[PDB]
Each structure stands twice: as C-alpha cells, then as structure tokens.
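Enquirer: Please see the structure below; I have some questions.
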Amino acid sequence: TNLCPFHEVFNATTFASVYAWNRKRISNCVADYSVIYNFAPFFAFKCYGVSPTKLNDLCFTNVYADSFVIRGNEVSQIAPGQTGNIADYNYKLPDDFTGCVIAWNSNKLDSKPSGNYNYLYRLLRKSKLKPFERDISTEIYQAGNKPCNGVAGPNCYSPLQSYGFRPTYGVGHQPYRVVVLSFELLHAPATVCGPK
Amino acid sequence: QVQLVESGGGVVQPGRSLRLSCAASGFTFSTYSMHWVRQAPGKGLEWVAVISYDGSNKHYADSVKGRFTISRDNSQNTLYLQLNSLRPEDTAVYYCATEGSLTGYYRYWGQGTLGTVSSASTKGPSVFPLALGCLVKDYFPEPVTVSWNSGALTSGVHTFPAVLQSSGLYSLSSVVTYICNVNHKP
Amino acid sequence: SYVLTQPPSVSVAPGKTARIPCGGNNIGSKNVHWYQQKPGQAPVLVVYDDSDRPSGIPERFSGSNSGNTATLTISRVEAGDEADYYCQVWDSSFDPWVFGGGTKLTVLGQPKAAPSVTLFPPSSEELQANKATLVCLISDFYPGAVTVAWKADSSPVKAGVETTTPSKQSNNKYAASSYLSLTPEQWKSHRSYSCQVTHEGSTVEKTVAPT
Ligand SMILES: *[C@@H]1O[C@H](CO)[C@@H](O[C@@H]2O[C@H](CO)[C@@H](O)[C@H](O)[C@H]2NC(C)=O)[C@H](O)[C@H]1NC(C)=O
C-alpha cells in the first residue's frame with residue numbers, strides 16, 4: 001500500500017476546463033487526507049454523504065477525483081440539486097451524491113493580465129446533462145429554422161465561450177479551481193482505506 | 001462473445017469517399033460510446049472520432065475536422081464512418097474501438113480495415129525474365145501494396161517485403177531453390 | 001495538446017521483468033491506459049487505470065502512476081510477448097485522445113545471424129522496354145535491422161537511395177528487399193555500381209559479374 005495521488009491532483013500546473021473535466025480514478029492507495037488542507041484554502045467544503053473529520057476512519061473501494069475551473073459566483077452551483085449554466089450544461093451531481101466538493105481561489109495562478117481565454121464553458125445545449133456526463137461536442141448550435149452547416153453564420157453561435165479572467169478587480173468572477181471527490185458503495189473487496 | 005468486424009476498404013483515388021462499417025456483437029452496443037482509431041503503416045495510433053451513446057455528442061480531431069463524419073446505427077449495432085474528401089495522408093488502418101468508462105480506456109477492439117489512397121491504377125501483369133521455379137523481379141505490378149501471382153514453385157518460394165517505390169510502379173520479387181511468363185490475374 | 005513520451009524500443013531477456021515508461025507533464029493527475037498490439041492484429045487492453053487488469057490478462061502485468069512519468073511493469077516476459085505498447089491519457093486540451101509514440105518490446109531469442117544475398121544478372125527480355133530493374137535481394141537475418149548499401153565501388157550513387165522497411169517473418173530470420181528505380185543503361189558496364197548491404201557493420205563481398 002502506497003500513497004494516493006491527492007497531492008498530484010490539487011497542485012496541477014494546468015487545470016481542466018469545465019467542459020473537459022478529468023476523472024482521476026483512485027484505487028490501491030492509502031488516503032492521507034491531511035495533505036488536502038495544506039493546498040486547499042476551501043471557500044466551500046460541504047460534504048453530503050460523509051464527515052470531514054471521519055475520513056480517516058471509513059473506507060471505500062474506488063474514489064473518483066474530478067477537476068474543473070468555474071466562475072467565482074458559480075461555486076455554489078456544484079452541489080446536488082443546483083441549477084445554472086454549469087450545474088445543467090457542464091457538470092451535474094446526482095441527488096444521491098456521497099462525497100465532498102473542494103474549491104479554492106486561484107487568482108494568483110490561473111489569471112493573466114492579457115486575458116486567460118484557455119478556460120471555456122458551454123453556454124447553451126438542447127438538453128441537460130445526466131449525472132456524471134461529459135460534454136465534449138463542439139458542434140455549432142442550430143437556431144432550428146435553418147441548419148448552420150458547420151459555420152457560425154447568422155443565428156449560429158459557438159457552443160464554447162471563454163471566461164476571460166480579469167485580475168484587476170471584481171469579486172465573484174475570479175478563477176476558482178474545484179475538485180470533487182466521489183465515493184461509491186461498490187460492495188466488493190475494498191482497496192482505499194484510511195491510515196489506520 | 002464480444003465481436004467486432006470492420007468491413008474492408010480498398011484502393012481509392014484522392015478526393016473520393018470511402019464507406020466503412022463496424023458490426024459489433026456480444027455487448028450492449030446502445031450503452032457504451034464507440035470510438036475510431038486509425039494507424040498508418042509504420043505509424044502510431046491516432047484518434048479519429050467519438051460518437052455518443054445516442055448520437056448527440058460528436059467530436060473529431062483537428063487533422064480530420066470538417067470532412068469526416070461519424071455515425072452509428074443502434075438498430076443493427078453497426079458503427080459507421082464516412083471518409084469524405086480523402087487525402088493522401090489518410091492512408092491508415094482504421095480500428096473500431098469501444099470506450100469503457102469516463103476515464104477513457106478501451107476494452108473492445110476489432111481487427112482493422114485497410115484504406116489506401118492511391119493516385120494511379122493497374123498497368124497490366126508484366127512478367128520479368130531470369131526465372132527451379134522463377135526468380136523474377138516483378139509480380140502483379142500493383143501501384144501500391146497488392147502482390148500475388150507467385151509463378152515460382154510453392155515448395156520453398158520466399159516472400160520478400162513490399163517496397164513503396166513512389167516513382168509510379170511496384171515490383172514483387174520471389175526466389176526459390178529458361179524464362180518466366182505465367183500470369184493470370186491482371 | 002498533450003505530448004506522451006515513449007522510448008523507441010525496449011529489449012528484455014526472457015524470464016526477466018520489462019518496464020516501459022510513459023512520461024508527461026503532470027501525468028499523475030490523470031489515468032494512463034496501456035494496450036498490447038501484436039504485429040498483424042489489433043491492440044489488446046492490459047492495464048487500464050494504472051492498477052487493474054481485465055479478464056484474460058495474467059498477473060505478471062502491472063503498472064503504476066507517480067511523479068511525472070508512468071511505468072508498465074511486465075515480469076516474466078516470455079518469447080511470446082513480442083508486441084508494441086501504447087499509452088492513453090485524457091488532457092485539458094481540445095480533447096484529442098493522445099496516444100504515445102509506440103514502444104516495440106523485443107525478446108532476445110537469438111544472439112546474431114548472417115544474412116544471405118541473392119543476385120543474378122537480369123536477362124535481355126526486360127531490355128525491350130528499358131525499365132529500371134534491380135535484382136539483388138537480401139534475407140535470412142534475425143536482428144531485422146538492415147540498410148540498402150548500393151556501393152558505386154566504395155562510393156555513393158546519384159538519384160538518391162531508399163531502404164525498404166523490413167517485414168515480420170514467422171518468428172525466424174527475417175527478409176528484406178533492396179531494389180529501386182535507377183537507370184539500367186549503365187548496369188555493370190564498369191565500376192559504376194555494385195549491390196551490397198551493411199548488416200549492422202557487416203558486408204558481403206559478392207564480386208558480381210554479368211551474364
Ligand atoms: C505546489 O505547486 C507550487 C507551484 O507550482 C509550489 O510552489 C513552489 O514552491 C517552491 C518551494 O516551496 C518554491 O521554490 C517555488 O518558487 C514555488 N513556486 C511558486 C509558483 O510559488 C509548491 O511547492 C507545490 N507544493 C508541493 C510541491 O508540495
């Protein structure tokens with residue numbers, strides 16, 4: 001039994017966009033949750049199926065660690081039952097989620113004075129995403145009256161729009177990295193227990 | 001059992017279209033997301049396209065954006081891929097893969113189909129002199145890769161690797177322990 | 001996009017442990033999947049989430065994900081495990097499924113072999129059309145690394161020189177082809193040309209003659 005890649009996920013030099021969020025499956029390692037608080041000045045640490053201090057006691061089989069960046073005023077949207085542009089078109093948690101949502105400010109790392117348009121979010125979609133569904137399609141949205149034929153002509157808009165983080169001023173619009181830890185029952189021989 | 005059979009392609013001129021298909025069985029075809037991975041002769045694996053479980057989400061690579069279109073037919077569990085607006089650099093062995101989970105691992109594979117983009121056609125089965133058996137230099141001068149009509153004795157005839165020879169023609173040589181004129185397929 | 005780095009080729013002794021790495025920037029934050037592709041068939045999954053194996057894979061296959069490089073630990077590599085391996089990761093880019101450059105894991109079965117060169121003067125029946133024709137063929141080599149070495153009496157030749165990629169044999173001495181297109185009007189009239197091959201530092205003094 002070795003250590004978990006928790007320290008290699010929260011301190012990534014490049015974070016995934018909300019429409020291309022990674023899912024690092026964690027198995028066969030001892031979960032040392034003491035390293036989480038060292039690099040996560042959490043703005044919201046609401047756990048919905050576990051306790052933050054009892055993580056070193058319970059044990060799970062497989063742990064999934066999502067990673068995505070969203071707007072500052074959209075941190076509350078990453079929660080079971082929430083709505084919004086992110087909670088409905090980019091990342092939606094189920095009503096029976098069992099884990100914790102970790103989010104911290106990253107204005108000193110994920111922001112540039114010339115505009116960091118490398119992070120994009122989806123604006124519109126014909127239907128909401130299923131729980132834990134990844135949306136990779138970049139096809140031009142159609143207005144319905146006429147097809148766009150792959151070009152963004154009249155009444156044809158691109159589905160991906162950048163955030164454009166501005167480090168000058170403004171609260172609620174700063175870049176915030178979000179990591180979501182998912183725990184499944186999975187009644188099978190466990191592999192990732194606490195450091196006991 | 002899990003079976004994936006890709007329909008063969010063939011020799012096609014540039015700017016034409018190649019119609020491929022991938023029949024799948026043994027697993028739930030309507031649940032897993034099907035992908036496409038091509039492999040050029042002597043090159044590594046390269047991703048082509050991804051089709052959603054219902055056909056809504058579609059994505060392509062930058063080198064094949066615009067001209068290629070991916071589609072699936074869950075009514076008969078056949079994965080399709082329209083290779084419209086072919087290019088010389090599209091000659092690759094297309095493999096029919098299946099995505100396992102959100103982490104992005106493939107568990108099911110086929111056998112691959114051969115799609116060759118050639119610029120010429122056949123010129124006739126010109127046999128060669130200097131033939132036990134025959135020791136000719138050319139056999140079935142296909143412009144690119146095909147080679148048959150081994151007129152030598154099948155007891156110990158050798159099969160030498162095919163050469164590209166982009167000059168315009170290709171020659172197949174075979175040796176085995178008078179002249180040679182046997183030729184049946186044009 | 002992401003750039004997975006693989007070694008060009010890794011050689012391992014039979015029964016030992018072979019380790020094929022796969023480096024990358026911050027590769028620990030994502031899962032590395034491996035595939036086994038045998039020459040003439042499709043790749044087969046071996047280890048997907050850096051730790052687990054599907055049904056039908058022996059326990060000798062294993063992997064790990066730590067630091068800035070992956071690791072595929074394959075122990076007790078028999079002679080039947082000669083295949084190519086590829087990595088796969090999901091990146092924060094426009095999402096192309098980045099595959100590695102490929103690594104050919106070869107098992108040292110035979111120490112060395114001597115190639116055989118076959119060459120005979122072409123008859124005059126092909127001279128009616130005056131087509132470019134070379135007859136020397138080289139085969140019977142185990143290492144599989146041969147290069148075309150047409151020597152113009154210990155000197156290069158014009159119109160460029162190309163080497164045909166070798167093909168896999170039936171687990172024995174391989175074969176190759178060393179013929180291309182060049183003017184046959186000056187074939188063996190004098191020292192202008194002579195066909196030889198450099199099999200990793202070894203040549204064949206053929207001393208060919210016409211007729
Ligand atoms: C997490 O990442 C940050 C930034 O990549 C690391 O911060 C560096 O820390 C070293 C030593 O503490 C300094 O010399 C560098 O100047 C820091 N870089 C920046 C940009 O501040 C931090 O060390 C990492 N945490 C680890 C490795 O545990």
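Quick note on naming: the chains in the structure tokens go A, B, ... in the order shown, residues restart at 1 in each chain, and ligands are numbered from 1 in order of appearance.
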Give me the residues within 8 Å of range 95-104 of chain C as a PyMOL selection string, counting only C-alpha atoms and dropping any in the same chain fewer than 6 places off.

Expert: (chain A and resi 20+136) or (chain B and resi 44-47+60-61) or (chain C and resi 1-10+20+22+82-89)

Enquirer: Can you work out which residues are within 8 Å of ligand 1, considering only C-alpha atoms and all ligand atoms, and then hand them over as a VMD selection string?

Expert: chain A and resid 7 11 to 13 39 109

Enquirer: For the residues in the current selection, export N, CA and C atoms as a PDB file, in the first residue's frame.

Expert:
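That gives us selection_12.pdb:
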```
ATOM      1  N   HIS A   7      -2.003  14.573  -3.713  1.00  0.00           N
ATOM      2  CA  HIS A   7      -1.068  15.688  -3.797  1.00  0.00           C
ATOM      3  C   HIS A   7      -0.713  16.037  -5.237  1.00  0.00           C
ATOM      4  N   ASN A  11      -2.388  20.149  -7.000  1.00  0.00           N
ATOM      5  CA  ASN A  11      -1.304  21.066  -7.329  1.00  0.00           C
ATOM      6  C   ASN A  11      -0.865  20.903  -8.778  1.00  0.00           C
ATOM      7  N   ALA A  12      -1.826  20.758  -9.687  1.00  0.00           N
ATOM      8  CA  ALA A  12      -1.515  20.636 -11.102  1.00  0.00           C
ATOM      9  C   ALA A  12      -1.220  22.005 -11.700  1.00  0.00           C
ATOM     10  N   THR A  13      -0.176  22.067 -12.531  1.00  0.00           N
ATOM     11  CA  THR A  13       0.193  23.324 -13.170  1.00  0.00           C
ATOM     12  C   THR A  13      -0.850  23.792 -14.174  1.00  0.00           C
ATOM     13  N   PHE A  39      -3.134  22.485   0.736  1.00  0.00           N
ATOM     14  CA  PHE A  39      -3.206  23.167  -0.551  1.00  0.00           C
ATOM     15  C   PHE A  39      -4.632  23.510  -0.961  1.00  0.00           C
ATOM     16  N   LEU A 109      -2.610  32.166  -9.816  1.00  0.00           N
ATOM     17  CA  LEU A 109      -2.034  31.148 -10.685  1.00  0.00           C
ATOM     18  C   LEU A 109      -2.749  31.013 -12.019  1.00  0.00           C
TER      19      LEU A 109
END
```

Enquirer: May I have the residues of chain A within 12 Å of chain C, counting only C-alpha atoms, written as number ranges by chain?

Expert: A: 1-29, 62, 64-69, 118-120, 134-138, 160, 179, 191

Enquirer: Give me, as JSON lines, each residue of chain B that comes within 6 Å of chain C, together with its shortest interatomic pair and the distance in Å at one decimal, counting only C-alpha atoms, with rows ordered by chain and rising residue number.

Expert:
```
{"residue": "B:44", "atom": "CA", "partner": "C:101", "partner_atom": "CA", "distance": 5.8}
{"residue": "B:47", "atom": "CA", "partner": "C:97", "partner_atom": "CA", "distance": 5.8}
{"residue": "B:105", "atom": "CA", "partner": "C:48", "partner_atom": "CA", "distance": 5.8}
{"residue": "B:107", "atom": "CA", "partner": "C:45", "partner_atom": "CA", "distance": 5.7}
{"residue": "B:111", "atom": "CA", "partner": "C:42", "partner_atom": "CA", "distance": 5.3}
{"residue": "B:129", "atom": "CA", "partner": "C:123", "partner_atom": "CA", "distance": 5.7}
{"residue": "B:130", "atom": "CA", "partner": "C:123", "partner_atom": "CA", "distance": 5.6}
{"residue": "B:160", "atom": "CA", "partner": "C:176", "partner_atom": "CA", "distance": 5.8}
{"residue": "B:161", "atom": "CA", "partner": "C:167", "partner_atom": "CA", "distance": 5.6}
{"residue": "B:163", "atom": "CA", "partner": "C:164", "partner_atom": "CA", "distance": 5.6}
```

Enquirer: So how many Å separate CA of residue 184 in chain B and CA of residue 151 in chain B, to one decimal?

Expert: 9.6 Å

Enquirer: Suppose you want the space between CA of residue 158 in chain A and CA of residue 103 in chain B; what is it in Å?

Expert: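 Distance reported for this atom pair: 26.4 Å.
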
Enquirer: Which residue gives the smallest distance to residue 12 in chain C among C:205, C:59, C:140, C:78, with only C-alpha atoms counted?

Expert: C:78

Enquirer: I'd like the contact shell of residue 24 in chain B - 9 Å cut-off, only C-alpha atoms, skipping same-chain residues fewer than 6 positions apart - returned as a list in words.

Expert: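 Using only C-alpha atoms, the neighbours found are residues 2, 3, 4, 5, 6, 76, 77, 78, 79 and 110 of chain B.
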
Enquirer: Quick one: which chain B residues come within 8 Å of chain A, and what is the nearest atom pair for each with the distance in Å to one decimal, counting only C-alpha atoms, rows ordered by chain and ascending number, as a tab-separated table?

Expert:
```
residue	atom	partner	partner_atom	distance
B:57	CA	A:137	CA	5.0
B:58	CA	A:137	CA	5.1
B:59	CA	A:137	CA	5.1
B:66	CA	A:150	CA	7.7
B:102	CA	A:23	CA	6.8
B:103	CA	A:23	CA	5.7
```

Enquirer: List every residue of range 44-76 of chain B that DSSP, applied to the backbone of this structure, assigns to strand (DSSP E), and report them as a PyMOL selection string.

Expert: chain B and resi 45-51+58-60+68-73
